[PDB]
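Analysis of the macromolecular model
So you can see what is in the structure, the chains are spelled out below.
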Amino acid sequence: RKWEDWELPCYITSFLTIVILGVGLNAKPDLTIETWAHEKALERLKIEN
Amino acid sequence: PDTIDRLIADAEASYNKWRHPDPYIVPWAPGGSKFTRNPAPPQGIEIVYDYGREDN
Amino acid sequence: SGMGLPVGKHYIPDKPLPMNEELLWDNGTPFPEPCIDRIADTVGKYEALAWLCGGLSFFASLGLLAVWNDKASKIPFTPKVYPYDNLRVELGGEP
Amino acid sequence: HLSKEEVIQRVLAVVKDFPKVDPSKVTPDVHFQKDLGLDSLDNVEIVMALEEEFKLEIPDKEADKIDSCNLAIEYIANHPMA
Amino acid sequence: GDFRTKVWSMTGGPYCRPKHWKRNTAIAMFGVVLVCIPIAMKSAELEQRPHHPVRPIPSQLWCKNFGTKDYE
Amino acid sequence: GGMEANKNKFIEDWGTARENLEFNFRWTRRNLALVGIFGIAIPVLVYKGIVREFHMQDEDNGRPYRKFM
Amino acid sequence: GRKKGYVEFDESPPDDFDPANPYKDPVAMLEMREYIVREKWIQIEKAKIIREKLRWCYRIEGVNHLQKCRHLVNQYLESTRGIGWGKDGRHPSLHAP
Amino acid sequence: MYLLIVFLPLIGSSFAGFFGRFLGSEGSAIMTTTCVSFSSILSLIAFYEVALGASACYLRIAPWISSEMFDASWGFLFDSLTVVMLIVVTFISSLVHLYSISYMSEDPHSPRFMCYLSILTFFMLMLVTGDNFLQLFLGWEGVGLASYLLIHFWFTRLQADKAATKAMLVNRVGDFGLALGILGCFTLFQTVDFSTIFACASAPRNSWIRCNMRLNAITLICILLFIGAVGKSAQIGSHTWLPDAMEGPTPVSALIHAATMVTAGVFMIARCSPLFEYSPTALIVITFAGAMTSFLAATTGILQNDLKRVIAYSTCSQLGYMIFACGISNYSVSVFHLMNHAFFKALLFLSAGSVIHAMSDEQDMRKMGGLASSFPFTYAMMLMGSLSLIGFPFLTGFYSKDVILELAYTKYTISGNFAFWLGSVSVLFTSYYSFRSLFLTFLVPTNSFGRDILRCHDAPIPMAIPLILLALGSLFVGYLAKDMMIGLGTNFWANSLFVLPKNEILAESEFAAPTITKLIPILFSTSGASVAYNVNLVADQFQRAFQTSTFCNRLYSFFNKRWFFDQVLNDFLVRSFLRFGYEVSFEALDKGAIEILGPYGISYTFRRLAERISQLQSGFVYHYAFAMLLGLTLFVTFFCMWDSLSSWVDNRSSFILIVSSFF
Amino acid sequence: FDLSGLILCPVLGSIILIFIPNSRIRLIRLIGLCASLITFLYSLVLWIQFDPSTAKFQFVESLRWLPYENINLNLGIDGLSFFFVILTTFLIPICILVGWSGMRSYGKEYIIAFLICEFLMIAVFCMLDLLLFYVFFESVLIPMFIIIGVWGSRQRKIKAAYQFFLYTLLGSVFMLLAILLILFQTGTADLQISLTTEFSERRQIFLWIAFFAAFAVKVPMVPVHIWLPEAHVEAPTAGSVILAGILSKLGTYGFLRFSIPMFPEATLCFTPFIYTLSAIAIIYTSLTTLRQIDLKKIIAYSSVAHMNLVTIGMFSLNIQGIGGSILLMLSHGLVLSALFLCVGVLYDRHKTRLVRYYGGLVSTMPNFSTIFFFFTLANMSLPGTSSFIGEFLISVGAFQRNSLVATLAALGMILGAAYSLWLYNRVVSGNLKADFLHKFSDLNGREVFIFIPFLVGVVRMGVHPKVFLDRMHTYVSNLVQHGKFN
């Protein structure tokens, strides 16, 4: 079958979206305020106890 | 015929008063338990292929 | 379980529709019924309400009879007392 | 589907099993009022018995329309749930 | 039906009997066996049993998080 | 293809009448009562109840009741 | 570009911030707000740690969980006293010092 | 193993629903059934490990909803109660899958049917093994969705669509109540985890502000959770969906509205026992609602002329029984009765479905007489299940309902007295209607049409294998599990079920209940059986009374038509809400006052004002010179003479006169 | 990888299309789609480099607009605007993909208008200047009005466009008065200074009233929602997608960004007012959605109800409430876009909107039935969906703040499970009406692909909302902590 004009750009951008999202989100450092405050709270609790 | 009509009306009212709350209905009959369960496909229905295309 | 009869031709409107026809839960069948159906067509809505109120009043009267009975006042055994201060520490009391 | 000969035989049995009916003069093409001499209420009783035997429900208008053997056989044979 | 044979549905359609349904079902069995392996390994890794069982149990063969948790 | 619905004149008239209800408003007794009950009274009661909830929270907290519009 | 993936913040209120006139310095205002947010998050995470150890106490101790985890219950309930930002619907018996 | 238990139905359902064109009607059935069977085998192994090994398995995958302290998670709590529910759900699901294989052999959409069955099994397993309230809610409404989908399985059936929408709306009202309860619990405890909530449930005894009312926080949360359990268990408040949910096929009814879904409210009440034990008023409300529901269902099921309707009302009555068994602060008894009811009610539904399938989908008892000879095995199964449901001595129902009645008697309280009265009368009515159904379906001389009698065949092998297993369970499950679940001081439940020391009356009932009060259920059952025999088989006056006595006809209609409760509630509330949607909200406000005072009136007024302004430009040089002269004169008067003008006139008055001139 | 580059990507494609003959429709379509997809990928690359730890605006860029008067152009994101930028940039290529079949009749002006709208949306969401934010806020008025008027189905498009333009213009004009007053008072329109400067309580009340009017024109409240159903009905399917998932979200964004932190005391004073408005709007709009006959009207009123739920969730000034508001904003953008796409597919196949003609589409459109069922579930906020995540977090915040308004909002669950189910059953379940409709076609490859990202996004944001939640906790905490210093 003959592919539509939109099919190639749409499939390339879908594959690029999948790879970019997966690789970037998994390789992004976990620098969230939640984890930072969890580490700080653990240190403070260890100091207090 | 006039008193016949009044008798018919009175009998209809009496029947409407004393009719069964849930009268028996054949399952495939209109209002039954099997009504429109797995109906046969309607006739004169067409499925169109290649509806939306960039070029015709 | 098994194929049934064809539903038949639906109703093609030939007269002006009522201004509330959306309150007619019509299938593709020639036998449509409103989205709100009264299961007991023989009785009126107010008569059904009166009968339901009578039933609920029977429930309330039986509850009032239970209250008037005072079964707790005729209990045949003293309340059970557990050892070690009625399990204060086990239940969570201050030790 | 149920054969037209069996439909005819069962309808004739229903008609013949009637008090005010002479079983000899029952033919697939007789009329209730004319040939074997029944009134309207006997006709609707016979229609109800046919319904009960054949496991089918007829609308009231068509039940009134059924007034003779030939009509009864024709309707029951045309019905697919016989 | 007459027109239902031209309608593609994910779950077969009316009276779906493919010619190779046996082979397809065998392939589906193998696919279930394949997909259940990572789930089983993740189960064995994530299970926590703070209490040692009274009797030896099948989960003691693969799960090791038995009595390794404390509230401190 | 020829997929356009077989438009029914009466169904289309019903749709147009439904979407053109603004011409039929006449400020009758029923319309005035409905507007005054479900357009004014009910929202006012909801607002009063919400303010009452806030003031009950203030009383339980011991704070000074808050100021609202 | 960022150097490494671990957060670096200071555990001290920003200087040149006047509590009497917090709105005099915009930078000081915003940094003080950020520091208050960080401290509240630290308190929230401490309460979460206490809650986790409480739940594992309740799981480890069986029927006799009311006396073995009583200290953890009290610790968690006093730790959740001032966690929230807009939890004014919570009763003061559990949300007010 | 445990994630395999939870997700095996999901894998089979997803594969059969995404590749059902390749598996077919037989391949999809085989796949779903084998997935559910392996899930059940793993559930039995988990039962060994957890309940019989005194262990406990905990799991956690992802935070799901993660906020400052909204501690949702994809956890799995495997306690003894969770495992018991796992066995019930998985075993009933496997038996229903086999029954469906043999039942939908002529239905075109068997693959989709099996996909729906397996996805509902997965949702129910997620509900049962819920670590926290959010996962419990997800399972709740997922099973609600799956039941809605399965009810209108024949989407072409108009009443099936109606019933599915009604059932899911009632379950949505229940979900609204349960979500309010979850919100209150989270506000109180700053957590949704069951472990933390149950650990710190006793400490808070403060008040609470809700809807401008001051209520106890614990009692409020428990009452809202019970309201959530009302919709799913079909209690007196929101039971209208259960009888109407019979429009779905019989395997649907048996699996969903007899064993797994409709017992989710009872399961949740037992689960939250450490939270419900500190709300005596909530327990009182639970007892009252359970007793009322049991009596209402028992009376309603008397005059039903439909097998599925009768068995659905029996299910509702048993659910009310176990609900007020929970309200006597005895959840171990309630879960035992839940399991026993699952067994024998699934048996009844499967047997009735076999009868209906063989009788060309008759479903009406008025045309079902004289089938005892033509249905030996099916009648045997129906008899076993009916005797168990009545509580024939030493069957599976004798070990569950009798103890419930004894506890209700021994609970010396107003609620206990109410529950005891209604439970005894409901036992009487249950015996009556079960024996009436048995007589009408099998022993009354033939009333069916000759068309169905000729072609009637008893249940085939895959419809009989589930029946045999369910009969064995309905024989021996009650006896085997009595010491395990309802025994005296058993540590089997461990910490899954919590009962306060002051609320335990099991030993008190066992060693205090007089022999006559112990034997009341048997006497009431046999009296009801005799009454059923008298009414059905030797009686020639009931029809004449119903046709010539207006009060008798009204009473018959009242008891036949669901106590008129469905009609009254539906008509009044739903019709009022439907009328408000168009008569008030749309026509009177959206297309009325808002639009009249909005774009419509504004457009008309601006059109007429623009026209009037344009009338000023009359094209007359004299008019233009006049306008110039008025402009100059007004400027002179209002600026040069402004001292006297301000001493005399006011700006407000001048502008008001201008506006009044403009009308 | 900068916000200026993100803004400039639609401009280049727009210019290229402007300078291309209309006879090369294939080239026009391909270039427009390529530009939209390139911008989407560029925004994703901006996503993989977003810091969720800091509270400062991340990619601050300064341009000299007016050297005096301090109205310099500031471009920046902080975490709340970011997901809206991604949402607009993702939704734009869907609009081009929709009109792919009959784009010659639409012409290159269709794609040019949508690209200009994308440019304006990115400019609005990436802005740290109050005056320039208002400039682009009211700039979005041109392309949407032109789209609705030119590519409307019937002659009521004129009235719909008139209502939309007049309402939004009135709101924007009052907002402009308030913004100019703030500029004169503070000496600058910079967002940081406007946040760090005080206002008098009377001045706060008046400025908040003006801002509330402006934004309540956009987010449909009780008196000013009647312009939205007509706009969706008369706009094309792509225009409806944009107006549902983009412009209302713009309005609620502007409200949440410039009203809550700028005027704390005014928000506290007016909090019960918006609670009662939102509860009344939710109940009334759900009930009037129940009794509707037009598909576009049904989904438009669902939009009104869910947007009122959003605005009932913001003043629950806590992390749960505000995070749920933002999450349900994104989820409702996706769900509204998907539902309007389904209705547009139905209209394109069969040129009618009344549900009386439709029925029994399972037998002919099973893939469409499955997609419609999933998206009606998402609109219903079934657990395991992004709409459920947002709604439950909003309800948690509302119950922590005010139990009565929380219960009133939770009453929306029963009503939203009613009209969604009843509409789905009407359209999809039942028997075919061969007299009305007798030729049918299931979803083709293009439409199926268009629906793929919506399903994936909804499932990912419902099952695992951790990414979206953690990308905004810092901003939510700072926004709630703005007023206080304790």
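Residues numbered from 1 in each chain as written, not as in the entry; some residues may be left out. Chains lettered and ligands numbered in written order. Part of a larger assembly, values for the part shown. Heavy atoms only, no water.

What the deposited record gives as its method is cryo-EM, and the resolution it gives is 3.2 Å.

**Structural notes on the interface of chain H and chain I**
This is how it is decided: Should any heavy atoms of two residues lie within 4.5 Å, those residues are counted as being in contact. Values labelled buried area give the accessible surface lost by two parts on being combined, using a 1.4 Å probe and summing over both. N or O atoms closer than or at 3.5 Å make up a polar contact, with two conditions inside protein: a donor-capable atom paired with an acceptor-capable one, and, for residues adjacent in sequence, both atoms drawn from side chains. Only runs of H or I of at least four residues qualify as helices and only runs of E of at least two qualify as strands under DSSP, and these elements are numbered from the N terminus. Just so you know the grouping, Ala, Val, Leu, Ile, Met, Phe, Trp, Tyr, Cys and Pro go in nonpolar, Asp, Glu, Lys and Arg go in charged, and all remaining residues, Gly too, go in polar.
In this complex, chain H contributes 55 residues to the contact, which on the side of chain I involves 56 residues. Of the roughly 5,000 Å² buried at the junction of chain H and chain I (both faces included), carbon and sulfur atoms supply 70%. The three residues of chain H that bury the most area against chain I are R172, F176 and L183 of chain H, which together make up 13% of that side's buried surface. Between chain H and chain I we count 16 residue pairs in polar contact in total. When contributions to the side of chain H that touches chain I are tallied by element, the ones reaching two or more residues are α5 (133-151), α6 (158-189), β3 (207-210) and α26 (565-616) of chain H. Considered class by class, the residues forming the side of chain H that touches chain I number 34 nonpolar, eleven polar and ten charged.

**Observations concerning the pattern of salt bridges**
Oppositely charged side chains may form a pair once their charged atoms are brought near each other. Note the following rule: By definition here, a salt bridge exists when the distance from a side-chain nitrogen of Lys or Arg to a carboxyl oxygen of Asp or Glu is within 4 Å.
For the structure on display, the rule yields 57 salt bridges over all chains. One network of salt bridges, in which partners are shared, links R51, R55 and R59 of chain G together with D71, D131 and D193 of chain H.

**Remarks on the arrangement of the chains**
Inter-chain contacts occur across 26 pairs of chains; the most extensive set of contacts lies between chains H and I. Here chain A and chain E are not in contact; the least distance found between their C-alpha atoms is 11 Å. Of all C-alpha pairs spanning chain D and chain F, none lies closer than 29 Å, and the two are not in contact.

**So, the UniProt feature "transmembrane region" (unreviewed entry) in chain F**
The line we're drawing: UniProt positions are given in the numbering used here, feature names are shortened, and annotations may be inferred rather than shown by experiment.
Those places that UniProt annotates as "transmembrane region" (unreviewed entry) correspond, in this numbering, to residues 32-51 of chain F. Regarding residues 32-51 of chain F, the helix share stands at 100% and the strand share at 0%, and the terminal C-alpha atoms are separated by 27 Å.

**A word on the packing of aromatic side chains**
When we look at a pair of aromatic rings, we describe it by the centre distance and by the angle of the planes. Put simply, the test is: To pair, rings of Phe, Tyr and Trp, with the six-membered ring standing in for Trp, must have centres within 6.5 Å; the planes then decide the type, stacked if under 30 degrees apart, edge-to-face if over 60, and tilted in the middle. Exposed residues in this analysis have more than 50% of their type's maximum accessible area, buried residues have under 20%, and partly exposed residues fall in between, with area computed by a 1.4 Å probe over protein chains only. Look at NZ for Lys and CZ for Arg. If either is within 6 Å of the ring centre and within 35 degrees of the ring normal, a charge sits over the ring.
In total, this model carries 110 aromatic pairs over all chains according to the counting rule given. Ring centres of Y148 of chain H and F373 of chain I lie 6.2 Å apart, and the angle between their planes is 20°; on these two criteria the pair is classed as stacked. In this pair, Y148 of chain H sits in helix α5 while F373 of chain I sits in helix α16 (residues 366-380), so the two residues belong to two different chains. Each member of the pair, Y148 of chain H as well as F373 of chain I, carries the same accessibility label: buried. A cation over an aromatic ring shows up here: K71 of chain C above the ring of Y412 of chain H, its NZ or CZ 4.7 Å from the ring centre. The ring of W422 of chain I has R426 of chain I lying over it, and the distance from NZ or CZ to the ring centre is 3.6 Å.

**Re the side chain of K28 of chain A**
The criterion, for reference: Residues counted as positive are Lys and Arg, residues counted as negative are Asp and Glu, and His and the chain ends are not counted.
Within the fold, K28 of chain A resides in the loop between α1 (7-27) and α2 (33-48). One buried charge, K28 of chain A, has no salt-bridge partner; the nearest side chain with opposite charge is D51 of chain I, at 7.3 Å. At a separation of 3.4 Å, a polar atom in the side chain of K28 of chain A contacts the main-chain carbonyl oxygen of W47 of chain I. Here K28 of chain A is in contact with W47, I48, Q49, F50 and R471 of chain I, once residues within four sequence places are set aside.

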